[PDB]
Structures are given as structure tokens and as C-alpha cells.
Enquirer: 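Once you've had a glance at the structure underneath, I'll fire off some questions.
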Amino acid sequence: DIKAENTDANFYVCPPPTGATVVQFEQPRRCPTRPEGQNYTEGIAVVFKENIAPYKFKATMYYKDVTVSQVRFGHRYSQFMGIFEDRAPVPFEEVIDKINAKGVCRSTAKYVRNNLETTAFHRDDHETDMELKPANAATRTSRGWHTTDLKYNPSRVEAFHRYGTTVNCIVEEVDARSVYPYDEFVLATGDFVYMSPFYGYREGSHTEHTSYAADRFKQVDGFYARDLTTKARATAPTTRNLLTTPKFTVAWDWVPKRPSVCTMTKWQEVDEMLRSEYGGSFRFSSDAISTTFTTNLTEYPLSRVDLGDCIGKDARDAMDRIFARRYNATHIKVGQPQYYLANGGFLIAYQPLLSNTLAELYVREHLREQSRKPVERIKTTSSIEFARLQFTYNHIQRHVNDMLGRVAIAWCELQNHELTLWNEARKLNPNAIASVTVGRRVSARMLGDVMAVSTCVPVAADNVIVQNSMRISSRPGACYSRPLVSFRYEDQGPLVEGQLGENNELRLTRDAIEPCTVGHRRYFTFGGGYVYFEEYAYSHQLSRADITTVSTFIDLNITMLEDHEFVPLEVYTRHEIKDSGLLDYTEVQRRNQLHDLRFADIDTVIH
Amino acid sequence: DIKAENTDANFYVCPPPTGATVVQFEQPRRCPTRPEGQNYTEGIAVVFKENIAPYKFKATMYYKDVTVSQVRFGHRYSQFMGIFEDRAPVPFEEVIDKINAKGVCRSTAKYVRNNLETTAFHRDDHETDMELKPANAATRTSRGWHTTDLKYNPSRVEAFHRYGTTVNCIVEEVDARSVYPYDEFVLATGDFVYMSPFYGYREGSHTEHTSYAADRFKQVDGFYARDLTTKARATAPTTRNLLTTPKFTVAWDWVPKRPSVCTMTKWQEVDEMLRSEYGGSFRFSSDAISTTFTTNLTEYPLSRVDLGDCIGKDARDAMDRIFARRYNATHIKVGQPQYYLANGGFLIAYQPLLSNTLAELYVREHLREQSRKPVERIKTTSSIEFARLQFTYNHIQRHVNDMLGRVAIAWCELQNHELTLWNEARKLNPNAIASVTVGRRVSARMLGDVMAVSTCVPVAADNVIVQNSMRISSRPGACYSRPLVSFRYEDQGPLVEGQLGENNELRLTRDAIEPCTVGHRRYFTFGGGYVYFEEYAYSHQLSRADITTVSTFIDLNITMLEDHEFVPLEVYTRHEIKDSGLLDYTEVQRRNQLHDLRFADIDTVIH
Amino acid sequence: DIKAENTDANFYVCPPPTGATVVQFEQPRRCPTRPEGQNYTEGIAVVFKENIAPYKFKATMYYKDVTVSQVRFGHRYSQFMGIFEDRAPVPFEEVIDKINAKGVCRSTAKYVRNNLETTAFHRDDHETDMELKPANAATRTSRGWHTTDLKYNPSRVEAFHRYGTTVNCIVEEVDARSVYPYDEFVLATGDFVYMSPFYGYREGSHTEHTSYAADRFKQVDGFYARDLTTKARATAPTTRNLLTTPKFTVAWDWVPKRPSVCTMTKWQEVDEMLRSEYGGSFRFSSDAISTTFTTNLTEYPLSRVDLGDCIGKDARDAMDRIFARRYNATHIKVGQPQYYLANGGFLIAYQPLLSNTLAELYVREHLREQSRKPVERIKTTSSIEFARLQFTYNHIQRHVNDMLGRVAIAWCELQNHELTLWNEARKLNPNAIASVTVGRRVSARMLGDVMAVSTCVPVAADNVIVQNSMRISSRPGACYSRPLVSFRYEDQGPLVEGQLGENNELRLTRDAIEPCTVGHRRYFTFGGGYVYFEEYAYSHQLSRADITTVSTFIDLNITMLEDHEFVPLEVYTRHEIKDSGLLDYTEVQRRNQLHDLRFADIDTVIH
Ligand SMILES: *[C@@H]1O[C@H](CO)[C@@H](O)[C@H](O)[C@H]1NC(C)=O
Ligand SMILES: *[C@@H]1O[C@H](CO)[C@@H](O)[C@H](O)[C@H]1NC(C)=O
Ligand SMILES: *[C@@H]1O[C@H](CO)[C@@H](O)[C@H](O)[C@H]1NC(C)=O
Ligand SMILES: OC[C@@H](O)[C@@H](O)CO
Ligand SMILES: OC[C@@H](O)[C@@H](O)CO
Ligand SMILES: OC[C@@H](O)[C@@H](O)CO
Ligand SMILES: OC[C@@H](O)[C@@H](O)CO
Ligand SMILES: OC[C@@H](O)[C@@H](O)CO
Ligand SMILES: OC[C@@H](O)[C@@H](O)CO
């Protein structure tokens, strides 16, 4: 009669474990260990980049503006028939004697042009010396001086003098620049000077390049300049270089090549650069700038660079400087500065430090820092993102490896310990612990130290009926603790006798009995729900919902890291920068060289 | 006789816990809490960058091409002895009266050159006015017009006229550009005009810079232009500026400085910029562009910028625009736009939003958004990678901190709860729970609420023999549940009597007995394996391998994040860009100024 | 009398669970599954970028330097009154007949200038042919040749010859460059040639642009050049282009447009580019370069590009090359190369591979790789950081999602399994398991398969006294196992009788008794500590500290990922690059065009 109302469940006939099949629990696994901690060397670091700025220096030009006009007069009007313009060099001798000495220039110009020695007379008059005045003030320009402010033109009546010669002697202070390898240079005027800024006579200067004839170049020793405005002469003297070109004479103070140019530029000072050896490479990290560089395990000889004699000295100045402001107390140096070549073409100067705390290895370390110890130009990349990605990935990589490492270690330690809990629980309830461990409904029992298991058998719910009395009629005072049941293995078969174990297990022997008692209330797992009993008499049925639920579970909500799309982004596009410069040479040239195609006629022949 | 076959194990004699040493389990620890959730302000944002484009405007040049040729004739041939070329300005008056009015130019040119007032006659003939025609079509150029298409040269017979003057009046529409601070400017021709585009007479224009004499500049009020092709005059008038230079007269419509130039440029519009205050700085995040900026907690006054009056207005236009298309319904604004200065030199306009949902704080928030509330130019960096690294690290940082936080919280909660399981397991098996907790083989027993522990003693395996009967001969019906054993503490010593506890513990008192029974099968942990018994009679030995193994362990395979190396990578190297421009000025100059060293002789004097 | 010394605790009177309230444990939850594993296609890849380099080619210029000087002599001096300089084209005919054939030039120059046909005579003497010599050696320049090295000037006595004409015929080998769309081009001299490099007569060359008159251009078929130094003529012939401009004639070998220019440039070869379809886009990853690109699911037709016929062929050459060196053995290709357009404007050529191992799908896959299968110019971004961020985030994203996924899965599996432990522990100690699960001090007991719970009641410590005898006087031989106690529910109330359960639970019925015994030592949780008993006689009190503590906890120390700030960092700032070029055009122009404002007088009129 009484069948389960919660049809939606399963019953299991669990054979007495014959003893034929025996299993053992797996015993505590070897658990991993926290990885060996990587050692970091503390240090001061200076990072260098390829130098891309020109060598820059001061020069002074000496030339005269020569103009020869050809004039012609009509009735109440005059026209230029021509205007000759040229630039002429001031001779060495006039620069020293006249100008530098007295601040004066000759009113005539005499130089070589088109293979001729030529002479021009201001106003076509007799030669004098003229005083030099500042050029009219102009915004953002270096200093200039000139003698003449007007262009001389012949008057209408001078019928034997239809040409008019002007001379304006000009001195200018100009910036000069020279690209590596400093074989020639330019002035601020746009004029190329095809001689090394480092060319000269003394100390292997005569090595450097010159495209000129020897007499175009003078090197004046013990030279004292004389400001042309203050009229004051310098306190110390220089080695004054002068080169006369066809259009100007240019002076400059001679200084040595190697102490003046360097192929590398200091880019970053880093207080704490962390050095950690691994992978056959060193790695250098700076959290200050969030950058990580990677060099070979061997030092890079500073002697291997061309014109790299700013590096050695640039490193130390800043280091000593930093070490003072940060380490002189808590720390000391270790060994003499080292140099390594990072990918990206960076050059790192590194000063190993040491806290007095670990002073015990001073003697130890002082050796190691000398094992990596020991011509070309280094191309540095424009983008540092790689070393910054490297830094970021690394920092994030190590962190999760560590905390997930630690997690994993605990998990194992926790499996090992809970076994002990299962070892006691097996004995209390072998069928359930077996069923769960083994991973299928089984019947089990201890055979000493191992467990026997037999595989259960399913029975339906329409194939399962319940008896409404747990009271043993013949033996009053004695009662079934749980309920009795009848069932059929298949939907239509002999109905069997047994009692309801836990978890809908159908137990064959009705052998589980207690001494009866009063108040008897019970709830017995029955199908998808519970069956209820008062005083060993079947009362009614229920569903799990009909009972409040509490949990034996510890909570944990993990959510995944969302997908994210990184779109291209640039502060200024390649064209914005192409459009930032005021004048564009290509554009101007193109336009200019359209003048005659646009406005005139380049093909027609008249005659 | 019977010694263990699995020699590879250890036995422990466990003293009865004297009671001398008592321990307690540690009780539930205080478990951490999920960090206080950081609040995000929703907003619309506009980000600005340093402006690096020139101020660009339209101008018109007026000048005439003047050519004076000098010719000479041989028998059946003629040669140029010279060609004078010059550019002359069109006077103010001719520009207005002749050109703008009628589209005509005078055929003569009269201007000042080299301190002379000079006059040129097309064909050296009498003055007329000539019509202006478009310049011959050219690809990609602005508009031009000219009067003359041929160069006038004197014919062979004209023996009293060996010079030939040409005049070609030219008007061009050209682009003009001016860099900050807009004190001078350039034309598309390459010509510098050394006067502010904003120079003029009205409203403090006369403030701006001019390098010219006053009469070179005219400001024509109520000016109506007349297209020189359509012949149509403009519908409205302008304030027309004209400056006569020595080589051309240049006009342009006068417009005010402050409403025409801005030192900042809008770069990004962001619908949702998230504002979260922390660390004494704000942070602004955009997932749309994956960028995170960092500003001080105080607003940056828009009045603090020079010529920054595009910013205020540029912000609002887009915002109102965005707020409409996205927030007018679900949201409202909060307070008046604010401005902050990010590192990298970015300027963020931010419009705080609010969902009608949280409208309850409208009154609250409306105050907070006014606490940070209130000359120089801002340099913006070219690289945004920092703010994008920042964004990425932050998003990844917060996520693991959170899920590992949650993990940690559960772990603790799980240790606290399982204790309760150990508290029941201690009572069932004190030696084992003690041994594991304590972390060494001990003997234990409850002394009420605390546990007593004594440290066990090791015994070898050759020092351990087993008895092959668990049947008590004298007391049939009574039997040992486990096996009896004999052993010696040291390899050669008095053989002791006791029985085999669990886990190879050697128990001294042979006191563990049961009522005998039938079918008796048992397996007892013996050395590295098990000892087997049927009916209280020793049968044989086994190894763990000889028994199938199931596991009481939950699985978890963590693998570490692999090491990864980020190599330098650039879309175009610094040289590729240096090689992208069609013409290179430095290169051309260098080459050109080699012409005479290469092809001619600059030193030889003839005479 | 005896009250607890550790006042700092709580006692609970736990009502016998009336049975009124029943709960059930929650049963095993459904646990999540490891996400479906994403499939990666192995491949070879070639990535292309917008081409930004000019089309570069070789040309040869032919022109003559013509100089006409005007001289004048004073007593012991001479002055240049003028110097006419011009460049004249070499006619087509002289280039072929004289130069190319014999390495000679005519000593006269005849070309059109200013609408006149003009003729110049070296030394004003009769015409000859002159031999061509190399230009004087110059560092880093292409080849040149000239006929004349001196400038001819008339001597002092030649009173009927005051002008002096020089001619220097010049040939140069120059680089020429042309920007897209290759309509005009430039020479190394700075000269614009306003004709397509691809202009010509044959095969639709006459399509291309020319700004010149037809007779300025010749196309010489079957042309054999003759080195002007080695005097050796080429082994094969070319289609020689010649264009005469007003200032020079320029030759070059004609080659077809489409096979000579390409709008795209190969940037990267990638051995393993991993292709994984998701989100309606493909993704392409390279660990070699740590870059991830994102394209639409459909192929991008190579026929869609303008002048993109370098791409098809450039792809295969490298691929076949790579496939050989890496895949020909372990792998094979799959389908014909495909092309996709990534964001950032990158173009990826991809060759799908396949290990012989999975050869079983060769037939399957061979179809799929053909489903995405099929004019403008592509702008590529300068910054690749996005695709590298993308790559890094993705790799880090997937990893934590995976290991935290796996973690979560275990956690659940572990909650499910431990329930079974709680199911056995409930029966051993219902009050404690109830109290913990339920989450408040309760009293509990099994009612079959569910648990009854009643909520306990707090009692103070001053409200709790202890009896110093556990020995039952009237029933010697029988003794309380734990202690007896008296207490009051409120500070001043009837003192109640009961005994001390565990965990400071006050049990009402003094029903827990044992048979007395000897040695009796006990410790009973009492307040914040323990109460101690020897032989059922109260001895003294203690604190937890007074007892050593061991732990039932597995350890786990998680630390959070630190906050990190990424500061802007650039290898070279925008100005450093602006300052890297030797000569600056804008600067030079500005300065130059200050010459007269600085040094002369542009306003004063004399007469
Ligand atoms: C390291 O050494 C190898 C060969 O020894 C060389 O090819 C490589 O360029 C070096 N790299 C660096 C970072 O110095
Ligand atoms: C923030 O304030 C400090 C001093 O108050 C200043 O030095 C710093 O430049 C400011 N930074 C920003 C991002 O405005
Ligand atoms: C993908 O397709 C959409 C429309 O179909 C188009 O707007 C978008 O530009 C395409 N993106 C790529 C990466 O090709
Ligand atoms: O006047 C001496 C000075 O010019 C030194 O440089 C020489 O070595
Ligand atoms: O060819 C140069 C010409 O275009 C300029 O002088 C116009 O101003
Ligand atoms: O014609 C009037 C117009 O030029 C205004 O700009 C004057 O303010
Ligand atoms: O000095 C200028 C010269 O090199 C060019 O005119 C050659 O074309
Ligand atoms: O001499 C033949 C050669 O110039 C070929 O290019 C013609 O197609
Ligand atoms: O205007 C050109 C002038 O500044 C230079 O020639 C000076 O060298």
C-alpha cells in the first residue's frame, strides 16, 4: 500500500561485502615545497642611451656683404639693371689686427672668387677702417656686428660712374653643430664647413679631416679675444682656429675630440637597481621606473666603445652622489663599477651596495662582483615598453606563482590531515565512507585494517512499499529502530522483506531493533524526501522543502577575470608630428619649383 | 620465527600517557574580512594634450616678378650676359584700387630696393593696366593669377636697347602658419613674415609684435574682397590686414588672438571615466581606452593656462553631446565641470553623472563635487603606455587580491569548522589524532577536556616477530581481535610480549580480546604491508601493492605561469621615419655645398 | 563558594530539543566543470605595415654650368661688376652621340632660357669637344664628371672683351625618390622633376603624369650605357628615359609601376602564429614577439589594395622558406595562404600548418581553411603596445581563470566530501555540530534522519558556582564523570542544580555518572580556562595559557599584490628628436630672412 510520494529517487540493495574485494586508502602524499628564494643584489645604477644630439659649439664668422649695383636713369625714374651680391671672407690678418684688436674692419674687400683676385670699394671711394656696431636688435638671435647700414648707389648726374659698390663687413656669433664622426660641421646660417671641428695642428689634430688647402687654416696660439661690445679682452687665452672658405672666415676655440664628444648619453639615475642572476642572463629591475633589462652574465668593456669616455666618468659622479645621499650610513659599496649591455642597446653602470647588516659577506661578495669583469657604436631602441612589460609581467608572474604555490602546498597538507578523519569515520559508517571514496554506492565493512566492498543494486520506488508499524507485536517492549519495508527488484516480481537503512539503502535482514519507548518521533529518508513516524506508527510523508536546511559547506565565490580589449591609442599620430614643424622643406621646394610652370612660359622661343 | 617481509617500515612502542604532559587544541582564529569596497564616480570625460600644430590661416600675396635681361648678339647666335631677377611688392593702393576692384595690375613696378626707389617697365614700354588670369593649372596647389606669361628680350636690331625688362604681376592664395607665441609667421612659399598674425590697430592688436616700419602696415576696415576668377565680391566684409615687405605685400583677415589659438588640443572623448579617490590623488580609468590617469585631489584652474580658452568650451560641447546620447534618461549631471592635471601633462575635463536610482545622494554629492574646486604652458608626453600599464596592472592587481582574499577567508573559515570534526575524532582515536596534530608519533588519552601525550619509541623489524595464533587456547570462545607479537627494543635483547595495535604501534598489554567467531578474515598493517589472518591463524603476508588503492584526497593541479621574454619591437625604427620625408634639407645642403670642391677649382688665381 | 576565576566567558543552558524544530543538512552541490578547451591553429605568419619609405631609384643628370662674368680693371686691381650663373640642359642628342658614345661634351651651351634660344662659349672661343673627368673625390657622394675646372675671366688688356664666359659640362649619378602615387619625383640635388618615374611610351606608361611638353621627353629603346670611367658598355640594354628640364636633362632606366612599388612593407616573420577563433573575430598570437592581433572572421582580399603586388609574393617566399626549416618533416601546409586586416592596420599573411600526428583531420580541416576566403591604402599605427598589452593581459587572464577555476572546482568537491564526515560527527556530538552548522549555540539530538534544535540560554560567571566533589557520597563506587554545578539565570535568583557539560554548557540533569576509579585526573573547560580535579575532588583552576597549545589548522599565508605606480618614461623626448637632425630648415630660413633687418637698412630712400 504505502509507496513513496517522492518518486524521484533511487534505492540500493547492498550485498554483505563477501570479503572478496579489498581496498586500502591512499596514504599521505609527499607535498611540494616553497621554491628556493631568489637573491637580489641591491645597487645604484646609471642607464645610458645612444647619443642622437649633435656636438654643439660656439663659432664666429667673418665676412663682408659686397653689393655692386648697375643703375640707369630715365626722366624722373631709375631702374636696376642688375645687382651683384656676394659674400667675401675677412682675411686672417684683418681679423686679428683690425677687428679682434681694435674692433675695426677695412672698407675694401679682397678675396679670391671664380679664380680671380678681386677688390671692392665701399662707395668706390678710398680705403678706411670702419667701426663695428651691433646689428639691429632681433628676437632670439645670437650676436652680430656690421660696419655699413646703407647700400651705395651712384647718383643721377655721375655719368662716368653707373655702377655702385657697397661693402658691409659682418661678424656674427653662431651656433655650430657636427654629427658623428665629426668630420665636417654646419653653422646656424646654413653654411657647411667641410672640416672637423677637432681639426688642428697640435697633438694629432692634423689627423682629422679637412677638404681645404693648408693656407686656408690658421691655428693661433695664446689667443685673447676682445668683446666687440664691451671692448674687454678675455681673462684666459684659447687656441684659436680660423678657416677661410670662399664665402666666409670662421673661427672657433680648439678643444680635443675625445673629451668633447661621447657616443652615449646618460638617461636614467636609479637609486635601487635590483640585480638577480638567472637564465644565463642578469636581470636589472627598477620599481622607481618600473623597468626590467636583461644582459649577459659577463661585463661589457667600456674600452669597447668609440668615443665613449663620458660614460666612465658620468657614472661615478652620480653614484658617489647617490651613495652619499642614501647609502653612506646604512650601506657600503662593493667592488668597482661594472658595465653591461642590455637588449634594446642600453648600457647600465651599476654600483653594488651592501647593508652593514650583512657585512659578514663583504669578504665573500667582494670576489663574486669581479667574476663577470672584462670598437663600436650602440644603437638604442626608441621604445622601452618591452622592458616595462617585462617588469610588469614578471612582478605579476612571481606573485601568483607564489600564492598559488602556497595554496597548493596547504591543499595537500590538508588532504593528508583529513585522511585521519576518514580513518575514524570509516569505522563508524563503512557503507557511506566507502560509497563516497570509491565513488559508487557500495556495501562495506572493516576486515581488520582494510575494507571490503560489494557493489549495490538499484530498486525502483513503485517497487518499494513501507510498513506502518515499527512495533514488534509478538515482542512488546521490543521495537524496530528504523522502518520495515517490502520491495521488488523488478516492477513485477516477488515482494521482499527487509528494513530501511539510511540513504534509501534497502537492508535485507530485519535485524536492527531497540527497546521500545515513549514520545517516539522519527524522520526517515524516504525517496526524494522523508517518511515520518510517531510511536512506531507510520504517520505521513514530506519533502526536503518541507524541512529547513542548514549547510555543512564553507563558501567561496571565485569570478573570472573579464575579457578586455586594448584599442590602439597614440598621443600624436605620425602625421601630427610631420605637421608640427613650422616650415616643411619638401613642400616648399615642390611649390617653388612650380613657379614657371604655373605663372610663366618655359617653352616658347622668340626671334 | 615470523618476521615482517616488508622490512622498510617502523614500529612504535607507545607509553601510556603518564598524564605528565597536557596540551589543548587551538581554538577558532579570527578570520579576516573582505576589504571595504572602493566607490567609483561615474562620469563623462574629455582629455586634452599639448597643442603641437601651428596656427593655420589663409593669406594672399601681391608681388611682381621683375626680370631685366642683358643680351648680346653674335653672327647667328645670342647669349645672356646677365639676368636680373627680383620680386617687388604691389603697393597697398594698387591692391585695393586696381586689383581687388577691377582685377587689374599696373605694367610697371615701383618699390624700394637697396635704399633706392626703382621703376621697371614691361617691354620698357609705357604703363598700362593688365588683366589677371589664373596660373596654369598645377596639381595640389592653392590659387594663383598673373598678368604676363613671356619674358621680354630686346631683338637683334635694337642696337640702342640691349637690356630687356619684364614685369609679371602675381597674386597667390597661400597657407600661412605661426608657432606659439605667434609673434611672426610663414607663408607656403617659404617666406617669413616677421609680424604677428594677430597684429593690428584695434582692441589691443597694436600690442602684438611687428619688426616693420608703421607705413608698411595698413588695416582696411569694412573690406569686401572680389574673387579674381568669379569676379564676385564677398557677401560680408572683413578687417583686411596688409603688410608690404621688401619682396611682397601680404594680406589677411584680422581675427582676435585669444579666440583663435589654443595651447591645448582635445584628444579623447570618454563616455564613462571612472573617478575613485585614493592615495591623496584621484585616479581616472577608462575601459574603453584602457587608460588610467592620476591627478592631485584639487582641481586645476582653467584660468591658469595661457591662451587656453578653447578648453572650457570644447569640453562642454562634447559632454552635453554625450550626456544626451547616453545619460539624459538614466542619469543626470552633478555640479559644474571640473579640470585636473594628470601626470604626463594631460588635462581632463570631467562631468560627474548620477543614475536616478541613487538620486537620494543628489543633495549629498552635489556638495562634495565642489570641494576640490579652485600662467603656463603644459608639456604633454608622447607616450601613454604608462597610463595603460597602470590600467592593466591595476585591473589585474585588484582581481587577484580579491579572489585570493576570498580564498584566504574561506580557508580560515574551513579550519575553524573542521576543528569540531577533530574534537570528536580525538575521542575515537587519541593516539592517531594526537600523533598527527602534535606532529610526531605519540601516545595519548583524554584527561577530561585536555589530552595527555607521551612520546613513542621506535623498534626495528628484525626486532619484531609475529605469533600465528589469535586463538586463546586456555579460554576457548575468547580470542584476540588483533595479533599478538614479540619484539626487542634493540637488535639483541630480551624478547618482549605484547600485541599489534594499528599503524605498527607495538602495544604492551595483550588486553584487547573479543568473543571468537567464524569466517574470521583480517588484514593487519604489518611493516610496509599487511599481515593476513583466517580464523585467528596466521596465513601469509602481502604488500600495499597487493591491494587496490582508493583515495581520500580531493585533487588540485596548479601549474605556474611560465617565464616570458618581451623582445624590443617597433613598427618603424627611428631611421625609417628619418627616411620617410621626400626631401632631406641637411643632405641636400651638404651635397650642394660640395659643388665647387667636386667639380671646379676654388684656389687658383689667374692674372 | 567556588566561582570561575576566568570571568571572561559565557555559559549556556541548553534546553532539551523539544522536537518542535527540525533541520536537515544541505546535500552535495553540483560542482562546475573545467571550461571547454579553446583550440589553437598552428601557422606561419608574415605581418605587413603601411609603406612609408619613398620609391628609390638611380638617375643621371646632364647639364652644364654656364658662368658669364663682367670684369673691370683699376690700377693694380680688378673687381667683379657681375657674375651670371646658370644651369643648362645637355640636349638628348649630345648625351647619346657625344657623351654615352665617346665620353665627351661640347664646349658650347645652347638651350632655351627666358623664352630665348641662347648660346655660351667656353672662353668665348670656338667649339670643341672636351673629355670628361671624375669630379674631385668627395666623401660620401655618388659619382660625377666634368669638363672644365677653371672659370674663364678676360685679361686686363683685352679692352674689347670685358665679359668672360665659362662652360663646365657636368654629369652626375644621383639618387631619385618618389612619394606615392608616384606622379613626380626628386633628385639628390634638391631638384624636383615633375614627371612620374614610371612615365613613358610603352605599355600604358603614357598614362602616368607629365607636366612637360612632349619633345622634352625621349624614350630610347635598346640602350647600352658606357661607364664614363671604365669606358665599358653595359652587357644588357635598357629602355632609357630622358627628360630635358629648363636647368638639366635627366635620364633613368624605365621600369613598370606595379612591379616596382608597393604600398605595404613586410615587418615581421613569425614561425608560430597561433590562430584561435572567438568573439566574431580571430586572434593571432606570437609568443616570439609577444604580440596579439585581432581580425574579422573573413579574409581580406589582396586584390583590394592599390599597388599591393609585393604582398602576395613576399609572403610565400618567406613561408616556403620557414616551412622548410621547421615544418616539412613534422608538419604539412593546409590550404592556400590567407590574408586578414588587423586593427592597427596590420596585414597578416598566414600559412596554416598541421602535424602529421593529427593528419586525420587533414581532410576535415582542408575545408574549414577556405570558408573565410574572399581599392585602398592602409594606414598603420606607429604603436604596437596595444597588441602587446592585449597579449600580456590575455596570457595572464587565462592563467588565473584556469587555476582559480580549478581551485573552485576542488573546493566544492571538498565541501561535498566532508559532509559525509559531518554526517557521522552529528551522531557523536549533536550539540556541537548543531551549534557550529546552525551558527549559534543550540541544543540538538537526532530524530532519526533529521536533527532537532532548541536555542540555548546564557548564564553569567558570578552566576555560576562549582562543587568540589564528584564522588557520590551515598553511592560509593559510583561517581560523576564530569563536575556538578550550581547557578542562577540572573545575578540574584534561585540557585539551580546541574552539572558541567562541555564548552561551558550548563546541563540540568545531574544524570551523567560512571563507576569511580583511581588516579582520577581531569581537566574541565571552565570559563575562560579549565577546572582541575584529582580523585573527584576539586583541586584548583587554570588558564589556557597554563596549557601548551597545538593546532588543528592547516596554514596559508596569502599576501596582496602591492600597489605600483608607472611613471612616464621615454627613451628620447619629442624635442630630443626634433634636435637630432644636423640642419633645421625652419630655423635657418628664419635666421637668413633676418639678415637685412639685423645688418642693413630696408626703408631709407636716397636721391
Ligand atoms: C650575449 O651573448 C651572445 C653570444 O655570447 C650574443 O650573441 C648576444 O648578443 C649577447 N647578448 C647581450 C644582451 O649582450
Ligand atoms: C600635486 O601636488 C604637488 C605639490 O602639492 C606637486 O608637486 C605635484 O606636481 C602635483 N601633481 C599633480 C599631478 O598635479
Ligand atoms: C570588421 O567588420 C566590420 C563591419 O563588418 C567593420 O566595420 C570593421 O572595420 C571590421 N574590422 C576589421 C578588423 O576588419
Ligand atoms: O698660452 C698657452 C695655452 O694656449 C696652452 O693651451 C698651450 O698648451
Ligand atoms: O620659384 C620661386 C617662386 O615660386 C617664389 O619666388 C614665389 O614667391
Ligand atoms: O564693417 C564693420 C565691420 O568691419 C566690423 O567688424 C567693425 O567692428
Ligand atoms: O651648388 C649647387 C650645385 O651643386 C647644384 O646647382 C648642382 O645641380
Ligand atoms: O632591346 C630589347 C629590349 O629593350 C626589350 O626591353 C624590349 O621589350
Ligand atoms: O640672408 C642671407 C644671410 O643671412 C646670409 O647670407 C648670411 O651668411
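Order of listing sets the numbers, starting from 1, for every ligand and every atom in it. Proteins come first, then strands; the chains are lettered A, B, ... in the order of their sequence lines, and each starts at number 1.
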Enquirer: Closer than 3.5 angstrom, by distance alone: can the side chain of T230(B) be matched with the main-chain N or O of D227(B) as a donor-acceptor pair?
Expert: no
Enquirer: Who's the nearest protein heavy-atom neighbour of atom 5 (O) of ligand 2, and how far?
Expert: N296(B) ND2, 4.5 Å
Enquirer: Looking at atom 13 (C) of ligand 2, what's its closest protein heavy atom, distance included?
Expert: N343(B) OD1, 3.0 Å
Enquirer: Which of the atoms of ligand 2 are close to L341(B), meaning less than 4.0 Å from one of its heavy atoms?
Expert: 12 (C), 13 (C), 14 (O)
Enquirer: Step by step, would you call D271(A) with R325(A) a side chain to side chain contact (heavy atoms under 4.5 Å, CB included)?
Expert: CA-CA 10 Å; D271(A) 288 4; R325(A) 180 199 44 84; 2.9 Å; yes
Enquirer: Tell me if a side-chain donor or acceptor on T291(B) pairs with a main-chain N or O of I289(B) at a distance below 3.5 Å.
Expert: yes
Enquirer: Hey, is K266(B) close enough to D314(B) for a salt bridge, meaning N to O under 4.0 Å?
Expert: no
Enquirer: Under a 4.0 angstrom heavy-atom cut-off, which atoms of ligand 6 come close to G222(B)?
Expert: 1 (O), 4 (O)
Enquirer: Report yes if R202(B) has an N/O atom closer than 3.5 Å to an N/O atom of ligand 6; otherwise report no.
Expert: yes
Enquirer: Start with the C-alpha distance between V255(C) and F57(C), add both sets of side-chain angles, then the distance that settles side chain to side chain contact (heavy atoms under 4.5 Å, CB included), and finish with yes or no.
Expert: CA-CA 10 Å; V255(C) 294; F57(C) 74 104; over 6 Å; no
Enquirer: Strictly less than 4.0 Å: does any protein heavy-atom distance to atom 9 (O) of ligand 2 fall in that range?
Expert: no
Enquirer: Can you confirm whether some protein heavy atom lies under 4.0 Å from atom 2 (O) of ligand 2, or whether none does?
Expert: yes
Enquirer: Do the side chains of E369(B) and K333(B) get close enough for a salt bridge, i.e. N-O under 4.0 angstrom?
Expert: no
